[PDB]
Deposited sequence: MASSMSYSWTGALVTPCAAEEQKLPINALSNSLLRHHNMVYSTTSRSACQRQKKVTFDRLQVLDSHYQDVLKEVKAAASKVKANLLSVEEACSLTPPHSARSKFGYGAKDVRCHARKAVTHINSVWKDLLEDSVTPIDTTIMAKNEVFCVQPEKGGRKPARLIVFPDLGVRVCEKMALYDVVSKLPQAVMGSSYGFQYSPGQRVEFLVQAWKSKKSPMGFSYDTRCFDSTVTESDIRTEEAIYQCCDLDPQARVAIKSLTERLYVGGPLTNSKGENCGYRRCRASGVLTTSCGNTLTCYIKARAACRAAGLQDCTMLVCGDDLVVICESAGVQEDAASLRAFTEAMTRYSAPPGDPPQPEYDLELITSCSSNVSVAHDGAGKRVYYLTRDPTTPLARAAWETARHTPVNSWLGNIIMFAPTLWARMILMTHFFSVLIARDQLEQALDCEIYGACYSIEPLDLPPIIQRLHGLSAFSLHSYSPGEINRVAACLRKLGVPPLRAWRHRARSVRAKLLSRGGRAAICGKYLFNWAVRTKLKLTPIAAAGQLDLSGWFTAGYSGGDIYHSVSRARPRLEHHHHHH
């Protein structure tokens, strides 16, 4: 079966799409080489369509079936509930795509009668029709990157059903996709961990091995590798739970009418083609991808003869750490792993490489690195190449965007050199300049949208990373070099310039008192030689962070609050 078939109609925009980073004084103060920063647009959709379109050959075997049985057995212990229309409405993001039926996200969030009447009709139709494919829209994502001269990445494609259907997905499946993944994959389910917990997991997994070896496995176009049988298997797993009778009907209908495939319509209403793989923009994308990746990977580890594996799975992202059998044996085992994954429909982009140092493994864009606290104690933390974060931060300074990656990056990468010295300094300075310090902003954590107050960053950071996040120094030479080269590449001022700026920002924050002063004291202690004593933040204990690290929701149109 082909992942997609196409009619020749274009993937079309629904508004003008700005291509190049605009010139703005505040954005330019972060990053000057604006010609190297671009947004993907519908203009490159054809290139992406070509890449994501291929035939899937899938052959399953006894290891695969053995793992599937384990998963179904674990699922049978789960109880999940329906959400009410009101509950589902409250999970809809404020800038969720408008319905084609005359209402938008705001109407959903305020339980407007036109929205609710339509939602109720969609629900009824799910209960009454289990077969007619549901329409989806195909759009080109507008995402910002820095050039790497094949130059520019083509746009990723998002495929999503109508707003009314999305609310019904929440009613049928929000509780399932929030509970089931952790229950059936246990410690391997990556989205249950804060950043601090994720680094603890990876480090302990590595340390526990006599002679560790690890790798990341990069499936080429994972969504396109997911077969109709994969998606029906997911449905069978969902049905192992104790569910409400109406949920069972809706879940089957959603599977058969939406998740397994369906027609692709552009923003002009034209038929673009037909999908027989994973939809990138449905509630079950993260759960389904994670389950499918886990099942295939766990089976493939057995096929590969890998010894004492520890896996960490987040959607299509897979890390395995295991006991080395020797260099040639390990290399052969990774070839066998790849052959198994390939048989299961998931061949690699880049072939996996065995790594014998933890820092060399990249997972969810990130690698483990080490710094030191004030007493010379090694502290592990997750970092990443800052290029994309910085490029997006510059864009988000020049233009108002619905969701701010910069805030998510500060939250998730708070212990890093670059988040601390550059992102914190820049954004506190911009927020002060624009008189926006007190304003909550939308960002994403594991794909769910949150409204977060920047003045709450210090206790958030303490909870996610530990108090040491405000005291790290003596970073690794390789990390320092990577950041430095990024700054030269992008025309970002050097770190010592940011330090000078941070001293001013800090004094301004301290002068304001309250939460602002806590931001000055804790976030910018690094910028002064005469340091303040950083004691545990009282507010940290009081923060309700329930649901932050429960499940992944990228593509699933979820808002938490």
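- Mapping the modelled residues onto the deposited sequence reveals missing stretches at 1-3, 153-154, 567-581.
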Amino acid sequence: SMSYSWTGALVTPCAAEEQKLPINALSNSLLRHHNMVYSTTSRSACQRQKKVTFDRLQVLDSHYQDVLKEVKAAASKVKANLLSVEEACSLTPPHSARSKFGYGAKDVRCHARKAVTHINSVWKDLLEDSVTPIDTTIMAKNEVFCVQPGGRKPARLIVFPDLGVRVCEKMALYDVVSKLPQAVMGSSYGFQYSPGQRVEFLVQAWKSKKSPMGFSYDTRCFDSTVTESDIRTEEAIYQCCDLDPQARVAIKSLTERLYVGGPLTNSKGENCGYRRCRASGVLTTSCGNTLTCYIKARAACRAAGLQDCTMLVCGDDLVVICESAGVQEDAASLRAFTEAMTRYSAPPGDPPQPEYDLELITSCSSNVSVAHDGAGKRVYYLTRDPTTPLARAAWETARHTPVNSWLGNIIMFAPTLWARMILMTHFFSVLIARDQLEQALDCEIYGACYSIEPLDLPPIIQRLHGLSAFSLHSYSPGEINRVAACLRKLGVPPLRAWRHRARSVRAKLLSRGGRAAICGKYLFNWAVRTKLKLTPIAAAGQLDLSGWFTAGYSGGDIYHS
From here on, numbers count along this sequence of modelled residues.
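- Relative to its counterpart among 46-54 and 30-38, 46-54 has the higher mean temperature factor, C-alpha atoms as listed in the PDB entry.
- Mean C-alpha B-factor is higher over 359-367 than over the other stretch, the pair under comparison being 230-238 and 359-367.
- Considering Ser188, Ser286, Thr342, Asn120 together, the PDB entry gives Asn120 the largest C-alpha B factor.
- Of all the options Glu453, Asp385, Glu169, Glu256, the entry's greatest CA B-factor is assigned to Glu453.
- Ranked by C-alpha B-factor against the other modelled residues of its chain, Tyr193 falls in the lowest third.
- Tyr103 sits in the highest third of its chain by CA B factor, as recorded in the PDB entry.
- In the PDB entry, a CA B factor belonging to the lowest third of its chain's modelled residues is recorded for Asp317.
- Per-chain ranking of the deposited C-alpha B factor places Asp135 in the middle third.
- Among the modelled residues of its chain, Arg399 has a C-alpha B-factor that falls in the middle third according to the deposited record.
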